[PDB]
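Colleague: Have a peek at upload_12.csv (CSV, C-alpha atoms and all ligand atoms).
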```csv
chain,number,residue,atom,x,y,z
A,1,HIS,CA,28.6,4.9,1.9
A,2,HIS,CA,25.2,4.8,-0.1
A,3,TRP,CA,21.9,6.2,0.9
A,4,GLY,CA,19.5,4.5,3.4
A,5,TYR,CA,17.5,5.4,6.6
A,6,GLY,CA,20.3,5.7,9.3
A,7,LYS,CA,21.8,8.7,11.2
A,8,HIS,CA,24.7,8.9,8.7
A,9,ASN,CA,22.9,8.1,5.4
A,10,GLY,CA,19.2,9.0,6.0
A,11,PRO,CA,16.8,11.5,4.4
A,12,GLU,CA,18.7,14.6,5.7
A,13,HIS,CA,21.8,13.4,3.8
A,14,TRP,CA,20.2,12.5,0.5
A,15,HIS,CA,20.5,16.0,-1.1
A,16,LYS,CA,24.3,15.6,-1.3
A,17,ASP,CA,24.1,12.8,-3.9
A,18,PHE,CA,20.6,13.8,-5.2
A,19,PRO,CA,20.3,17.7,-5.0
A,20,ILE,CA,16.7,17.5,-6.3
A,21,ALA,CA,15.9,16.4,-2.8
A,22,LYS,CA,15.5,20.2,-2.2
A,23,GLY,CA,13.3,20.5,-5.4
A,24,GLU,CA,10.0,22.2,-6.0
A,25,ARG,CA,7.8,19.0,-6.1
A,26,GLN,CA,9.2,16.6,-3.5
A,27,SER,CA,7.2,13.8,-1.7
A,28,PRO,CA,5.9,12.9,0.7
A,29,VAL,CA,3.9,15.9,2.1
A,30,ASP,CA,1.6,16.5,5.0
A,31,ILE,CA,-2.0,16.5,3.8
A,32,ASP,CA,-3.8,19.4,5.6
A,33,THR,CA,-7.4,18.1,5.2
A,34,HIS,CA,-8.9,21.5,5.9
A,35,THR,CA,-6.8,23.3,3.1
A,36,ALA,CA,-7.2,20.5,0.4
A,37,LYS,CA,-9.5,21.8,-2.3
A,38,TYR,CA,-12.5,19.7,-3.2
A,39,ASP,CA,-12.3,19.5,-7.0
A,40,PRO,CA,-15.7,18.4,-8.5
A,41,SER,CA,-14.0,18.0,-11.9
A,42,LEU,CA,-11.9,15.1,-10.5
A,43,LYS,CA,-13.2,11.7,-11.9
A,44,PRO,CA,-13.6,8.5,-9.9
A,45,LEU,CA,-10.4,6.4,-9.8
A,46,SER,CA,-10.6,3.3,-12.2
A,47,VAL,CA,-8.6,0.5,-10.6
A,48,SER,CA,-8.5,-2.6,-13.0
A,49,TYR,CA,-6.6,-5.3,-11.2
A,50,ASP,CA,-8.7,-8.4,-12.2
A,51,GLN,CA,-6.0,-9.6,-14.7
A,52,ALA,CA,-2.9,-8.6,-12.5
A,53,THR,CA,0.0,-11.1,-12.7
A,54,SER,CA,2.3,-11.1,-9.7
A,55,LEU,CA,5.7,-12.7,-10.3
A,56,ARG,CA,8.2,-12.2,-7.5
A,57,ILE,CA,8.8,-10.6,-4.1
A,58,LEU,CA,12.3,-9.0,-3.6
A,59,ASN,CA,14.1,-7.5,-0.5
A,60,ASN,CA,16.0,-4.7,-2.2
A,61,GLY,CA,17.6,-3.5,1.0
A,62,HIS,CA,15.2,-0.6,1.4
A,63,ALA,CA,11.8,-2.3,1.3
A,64,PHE,CA,10.2,-5.5,-0.2
A,65,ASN,CA,8.7,-5.1,-3.7
A,66,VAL,CA,5.9,-7.4,-5.0
A,67,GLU,CA,6.6,-7.3,-8.8
A,68,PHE,CA,4.1,-7.7,-11.6
A,69,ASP,CA,4.2,-8.6,-15.3
A,70,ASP,CA,3.9,-5.1,-16.9
A,71,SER,CA,4.6,-6.4,-20.5
A,72,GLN,CA,0.8,-6.0,-21.3
A,73,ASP,CA,-2.2,-3.9,-20.0
A,74,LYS,CA,-3.2,-6.4,-17.3
A,75,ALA,CA,-3.4,-4.3,-14.1
A,76,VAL,CA,-4.0,-0.6,-14.8
A,77,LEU,CA,-4.9,2.6,-13.1
A,78,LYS,CA,-6.9,5.2,-15.1
A,79,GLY,CA,-9.3,8.1,-14.4
A,80,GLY,CA,-9.1,10.2,-11.3
A,81,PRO,CA,-6.6,13.0,-12.1
A,82,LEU,CA,-4.9,10.9,-14.8
A,83,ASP,CA,-4.8,11.3,-18.6
A,84,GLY,CA,-4.4,7.8,-20.3
A,85,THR,CA,-3.4,4.4,-18.9
A,86,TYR,CA,-0.9,3.6,-16.1
A,87,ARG,CA,0.3,0.0,-15.7
A,88,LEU,CA,1.1,-1.6,-12.3
A,89,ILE,CA,4.8,-2.6,-12.0
A,90,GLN,CA,5.2,-3.2,-8.3
A,91,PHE,CA,3.9,-2.4,-4.8
A,92,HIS,CA,5.8,-2.0,-1.5
A,93,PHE,CA,5.4,-0.6,1.9
A,94,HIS,CA,7.1,1.9,4.3
A,95,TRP,CA,6.7,1.2,8.0
A,96,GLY,CA,7.9,2.2,11.5
A,97,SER,CA,9.8,0.7,14.5
A,98,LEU,CA,6.5,1.5,16.5
A,99,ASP,CA,2.8,1.7,15.5
A,100,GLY,CA,2.9,5.5,16.0
A,101,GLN,CA,5.1,6.1,12.9
A,102,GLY,CA,5.9,4.6,9.5
A,103,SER,CA,3.8,6.4,6.9
A,104,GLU,CA,5.5,8.8,4.5
A,105,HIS,CA,2.4,11.0,3.9
A,106,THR,CA,0.8,12.4,7.0
A,107,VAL,CA,-2.8,13.6,7.5
A,108,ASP,CA,-3.1,16.7,9.7
A,109,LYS,CA,0.4,15.7,10.9
A,110,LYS,CA,-0.9,12.2,11.9
A,111,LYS,CA,1.5,9.4,11.1
A,112,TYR,CA,0.1,5.9,10.3
A,113,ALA,CA,1.8,2.7,11.1
A,114,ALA,CA,2.7,2.0,7.5
A,115,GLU,CA,1.9,3.1,3.9
A,116,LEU,CA,1.4,1.0,0.8
A,117,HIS,CA,2.5,2.3,-2.5
A,118,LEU,CA,1.2,0.7,-5.7
A,119,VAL,CA,3.5,2.0,-8.5
A,120,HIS,CA,2.2,2.5,-12.1
A,121,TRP,CA,3.8,3.9,-15.2
A,122,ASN,CA,2.3,5.8,-18.1
A,123,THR,CA,2.1,3.5,-21.1
A,124,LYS,CA,2.6,6.4,-23.5
A,125,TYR,CA,6.3,6.3,-22.5
A,126,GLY,CA,6.8,2.6,-23.4
A,127,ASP,CA,8.9,1.5,-20.4
A,128,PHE,CA,9.3,2.4,-16.6
A,129,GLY,CA,12.8,3.7,-17.2
A,130,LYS,CA,11.5,6.2,-19.8
A,131,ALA,CA,8.4,7.1,-17.7
A,132,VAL,CA,10.5,8.2,-14.6
A,133,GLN,CA,12.1,10.9,-16.9
A,134,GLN,CA,8.7,12.5,-17.5
A,135,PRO,CA,6.7,14.9,-15.2
A,136,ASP,CA,3.6,12.7,-15.7
A,137,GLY,CA,5.5,9.4,-16.0
A,138,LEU,CA,4.2,7.6,-12.8
A,139,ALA,CA,1.0,7.4,-10.8
A,140,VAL,CA,1.5,6.0,-7.2
A,141,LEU,CA,-1.6,4.9,-5.3
A,142,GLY,CA,-0.9,5.4,-1.6
A,143,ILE,CA,-2.9,3.6,1.1
A,144,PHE,CA,-2.4,4.1,4.8
A,145,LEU,CA,-2.2,1.2,7.2
A,146,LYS,CA,-3.5,1.4,10.8
A,147,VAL,CA,-3.1,-1.3,13.4
A,148,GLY,CA,-6.3,-3.1,14.4
A,149,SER,CA,-8.1,-6.0,12.8
A,150,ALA,CA,-6.0,-8.2,10.4
A,151,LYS,CA,-6.1,-7.6,6.6
A,152,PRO,CA,-6.8,-11.2,5.3
A,153,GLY,CA,-5.5,-10.2,1.8
A,154,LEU,CA,-2.1,-9.2,3.3
A,155,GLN,CA,-1.4,-12.5,5.0
A,156,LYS,CA,0.1,-14.2,1.9
A,157,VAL,CA,2.7,-11.3,1.8
A,158,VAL,CA,3.4,-11.6,5.5
A,159,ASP,CA,3.9,-15.3,5.3
A,160,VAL,CA,6.6,-15.2,2.5
A,161,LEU,CA,8.8,-12.5,4.3
A,162,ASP,CA,10.8,-15.2,6.3
A,163,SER,CA,12.1,-16.4,2.8
A,164,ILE,CA,13.4,-12.9,1.9
A,165,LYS,CA,14.8,-11.7,5.2
A,166,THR,CA,17.9,-10.0,3.8
A,167,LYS,CA,18.9,-7.6,1.0
A,168,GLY,CA,19.0,-9.3,-2.4
A,169,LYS,CA,16.8,-12.3,-1.6
A,170,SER,CA,13.8,-12.9,-3.8
A,171,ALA,CA,11.1,-15.6,-3.9
A,172,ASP,CA,8.5,-16.6,-6.5
A,173,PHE,CA,5.2,-14.8,-5.7
A,174,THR,CA,2.6,-15.7,-8.3
A,175,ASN,CA,-1.2,-15.4,-8.2
A,176,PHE,CA,-1.3,-12.6,-5.6
A,177,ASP,CA,-4.4,-10.4,-6.0
A,178,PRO,CA,-3.7,-6.8,-5.0
A,179,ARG,CA,-7.5,-6.1,-4.8
A,180,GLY,CA,-7.3,-7.7,-1.4
A,181,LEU,CA,-5.2,-4.6,-0.2
A,182,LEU,CA,-7.8,-1.9,-1.1
A,183,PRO,CA,-10.1,-0.2,1.3
A,184,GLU,CA,-13.9,0.1,0.5
A,185,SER,CA,-13.7,3.7,-0.6
A,186,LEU,CA,-11.6,5.1,-3.5
A,187,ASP,CA,-12.0,8.7,-2.2
A,188,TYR,CA,-8.6,10.3,-2.6
A,189,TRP,CA,-6.3,13.3,-2.4
A,190,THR,CA,-4.0,14.1,-5.3
A,191,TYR,CA,-1.0,16.3,-5.9
A,192,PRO,CA,2.2,16.4,-8.1
A,193,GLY,CA,5.3,15.0,-6.4
A,194,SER,CA,8.3,12.7,-6.6
A,195,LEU,CA,9.7,9.4,-5.8
A,196,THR,CA,10.2,9.2,-2.0
A,197,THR,CA,13.6,7.4,-2.4
A,198,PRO,CA,16.6,8.3,-4.4
A,199,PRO,CA,16.8,9.3,-7.2
A,200,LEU,CA,13.8,11.4,-5.9
A,201,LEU,CA,12.7,12.1,-9.5
A,202,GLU,CA,9.8,14.6,-9.9
A,203,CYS,CA,7.7,12.2,-12.1
A,204,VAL,CA,4.8,11.2,-9.8
A,205,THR,CA,1.1,12.0,-9.8
A,206,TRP,CA,0.3,11.0,-6.2
A,207,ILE,CA,-3.1,9.6,-5.4
A,208,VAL,CA,-3.5,9.0,-1.6
A,209,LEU,CA,-6.7,7.2,-0.5
A,210,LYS,CA,-8.6,8.8,2.4
A,211,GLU,CA,-9.6,5.5,3.9
A,212,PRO,CA,-6.8,3.5,5.6
A,213,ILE,CA,-6.8,-0.3,5.7
A,214,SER,CA,-6.5,-2.1,9.0
A,215,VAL,CA,-3.7,-4.6,9.6
A,216,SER,CA,-3.1,-6.6,12.8
A,217,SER,CA,-0.2,-5.9,15.2
A,218,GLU,CA,1.1,-9.4,14.3
A,219,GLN,CA,1.2,-8.5,10.5
A,220,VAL,CA,3.2,-5.3,10.9
A,221,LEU,CA,5.5,-7.0,13.5
A,222,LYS,CA,6.5,-9.4,10.7
A,223,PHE,CA,7.5,-6.5,8.5
A,224,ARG,CA,9.8,-5.3,11.3
A,225,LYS,CA,11.7,-8.7,11.3
A,226,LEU,CA,13.1,-8.0,7.8
A,227,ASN,CA,16.7,-6.8,7.5
A,228,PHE,CA,18.3,-3.9,5.6
A,229,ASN,CA,21.5,-5.9,5.5
A,230,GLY,CA,22.6,-8.7,3.3
A,231,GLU,CA,23.0,-12.3,4.5
A,232,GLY,CA,26.1,-12.8,6.8
A,233,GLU,CA,26.2,-9.0,7.5
A,234,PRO,CA,25.5,-7.5,11.0
A,235,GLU,CA,21.7,-7.5,11.5
A,236,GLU,CA,20.0,-4.1,10.9
A,237,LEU,CA,16.2,-4.4,11.3
A,238,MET,CA,14.3,-3.0,8.3
A,239,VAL,CA,12.2,-0.4,10.2
A,240,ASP,CA,11.6,3.4,9.8
A,241,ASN,CA,12.1,3.1,6.0
A,242,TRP,CA,10.0,6.3,5.5
A,243,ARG,CA,11.0,9.8,4.3
A,244,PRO,CA,9.5,12.6,6.4
A,245,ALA,CA,7.1,15.2,5.0
A,246,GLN,CA,8.7,17.7,2.6
A,247,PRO,CA,7.7,21.3,2.0
A,248,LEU,CA,4.5,21.7,-0.1
A,249,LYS,CA,6.0,24.8,-1.8
A,250,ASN,CA,3.9,26.0,-4.7
A,251,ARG,CA,1.4,23.1,-4.8
A,252,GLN,CA,-2.3,22.5,-4.0
A,253,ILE,CA,-3.6,19.2,-2.8
A,254,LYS,CA,-7.0,18.4,-4.4
A,255,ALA,CA,-9.7,16.2,-2.8
A,256,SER,CA,-12.1,14.0,-4.9
A,257,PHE,CA,-14.6,14.2,-2.0
A,258,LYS,CA,-16.3,16.7,0.3
B,301,LIG,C1,19.5,6.3,-15.1
B,301,LIG,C2,18.3,5.5,-14.7
B,301,LIG,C3,17.6,5.8,-13.5
B,301,LIG,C4,18.0,6.9,-12.6
B,301,LIG,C5,16.4,5.0,-13.2
B,301,LIG,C6,16.0,4.0,-14.0
B,301,LIG,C7,16.7,3.7,-15.2
B,301,LIG,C8,16.3,2.5,-16.1
B,301,LIG,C9,17.8,4.4,-15.5
B,301,LIG,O1,18.5,4.1,-16.7
B,301,LIG,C10,14.8,3.2,-13.6
B,301,LIG,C11,14.7,3.1,-12.1
B,301,LIG,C12,15.4,4.1,-11.3
B,301,LIG,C13,16.8,3.6,-10.8
B,301,LIG,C14,14.7,4.7,-10.0
B,301,LIG,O2,13.3,4.3,-10.1
B,301,LIG,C15,12.6,4.1,-8.9
B,301,LIG,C16,11.3,4.1,-8.9
B,301,LIG,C17,10.5,3.9,-7.7
B,301,LIG,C18,11.2,3.8,-6.5
B,301,LIG,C19,10.4,3.6,-5.2
B,301,LIG,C20,10.1,4.9,-4.5
B,301,LIG,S1,8.9,5.8,-5.3
B,301,LIG,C21,7.6,5.4,-4.1
B,301,LIG,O3,6.4,5.6,-4.2
B,301,LIG,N1,8.2,4.9,-3.0
B,301,LIG,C22,9.5,4.5,-3.1
B,301,LIG,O4,10.1,4.0,-2.3
B,301,LIG,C23,12.6,3.8,-6.5
B,301,LIG,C24,13.3,4.0,-7.7
B,301,LIG,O5,15.8,5.3,-12.1
B,302,ZN,ZN,7.2,4.0,-1.6
```
Would you give me this structure, written as structure tokens?

Modeller:
Amino acid sequence: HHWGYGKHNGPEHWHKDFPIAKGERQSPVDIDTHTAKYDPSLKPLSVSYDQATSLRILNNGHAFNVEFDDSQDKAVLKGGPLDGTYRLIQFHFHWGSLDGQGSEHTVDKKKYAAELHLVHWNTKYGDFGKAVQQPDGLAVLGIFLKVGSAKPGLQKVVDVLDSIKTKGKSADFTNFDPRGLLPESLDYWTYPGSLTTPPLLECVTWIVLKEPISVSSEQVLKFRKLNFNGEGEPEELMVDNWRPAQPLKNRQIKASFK
């Protein structure tokens, strides 16, 4: 009986195995656009993905992860609210059963169809496992997806999903360029938070882009054909793999823009 997104093991249950679920800096949150503070001291984000080396795509039973070589400074996030250099290790999505839900963060209580997370770790901690134990260990760049025109840079991801339908399946996934998933603007909100899945560690500086990307209905429909289950288990469609908004508590969301 392990955690997941069902009635019996979903987000409302996670606190029993992971009591920090009720902690002081949990993610995601609702971004109240009118109460976010413009912070003119916030620097532009520096996204350096020109040398990114994708390796593999994995269905881990919760989402699919596109994994990168993080053994060198190849794909790094710097600037914005960050001190030092954060190395890209993986990206994944959260999405809904319907276009009207799927994102983890909300904007004035608006849910997007999906949310992309680009996960980076602070190089001063040496390895991802050490970074997650630190309050400034991770930087996650979150990007909303809305349904409209196709995202050409997403199609290579969509097209490999048939090969990783079930939990524990992986496929080679080299030469994928994550710059093709970015919107035009790097305007962002930022706040201190957590992993949005168990173990829910409070180690993340969240950077959520204001501008969504558009994906086609056909692209997100292919996400919804994935399975939570393993091969030869009863089929459970991988949909609604999002944690709902958690209390903001004693935090202030800062905007990079007016
Ligand atoms: C004891 C121990 C723990 C608890 C440990 C790790 C190691 C090496 C450990 O020895 C590393 C990964 C991990 C198992 C958890 O790391 C994760 C990082 C990110 C995620 C994805 C979350 S965060 C996000 O933006 N959205 C997600 O779904 C899940 C797990 O934590
Ligand atoms: Zn995530």

Colleague: Let me see if you get this right: every residue at most 10 Å from ligand LIG 301 (chain B), counting all atoms listed in the file, written as an MDAnalysis selection string.

Modeller: chainID A and resid 27:28 62:65 89:94 104 115:121 127:133 138:142 193:204 206 241:243

Colleague: Which is closest to residue 205 in chain A among A:124, A:249, A:254, A:56, if we use all atoms listed in the file?

Modeller: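 That would be A:254, the residue with the smallest distance to residue 205 in chain A.
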
Colleague: Nearest to ligand ZN 302 (chain B): which of A:183, A:103, A:234, A:225 is it, counting only C-alpha atoms and all ligand atoms?

Modeller: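 Selected residue with least distance to ligand ZN 302 (chain B): A:103.
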
Colleague: May I ask for the distance between CA of residue 61 in chain A and CA of residue 248 in chain A, given in Å to one decimal place?

Modeller: 28.4 Å

Colleague: Could you check which of A:156, A:112, A:71, A:136 is closest to residue 83 in chain A, using all atoms listed in the file?

Modeller: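 For residue 83 in chain A, the nearest of the candidates is A:136.
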
Colleague: Of the residues A:14, A:189, A:108, A:222, which is the one nearest to residue 39 in chain A, using all atoms listed in the file?

Modeller: A:189

Colleague: Which residues are near residue 232 in chain A? Cut-off 12 Å, all atoms listed in the file, ignore same chain within fewer than 4 positions. Put them as a list in words.

Modeller: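 Here the answer would be residues 165, 166, 167, 227, 228 and 236 of chain A.
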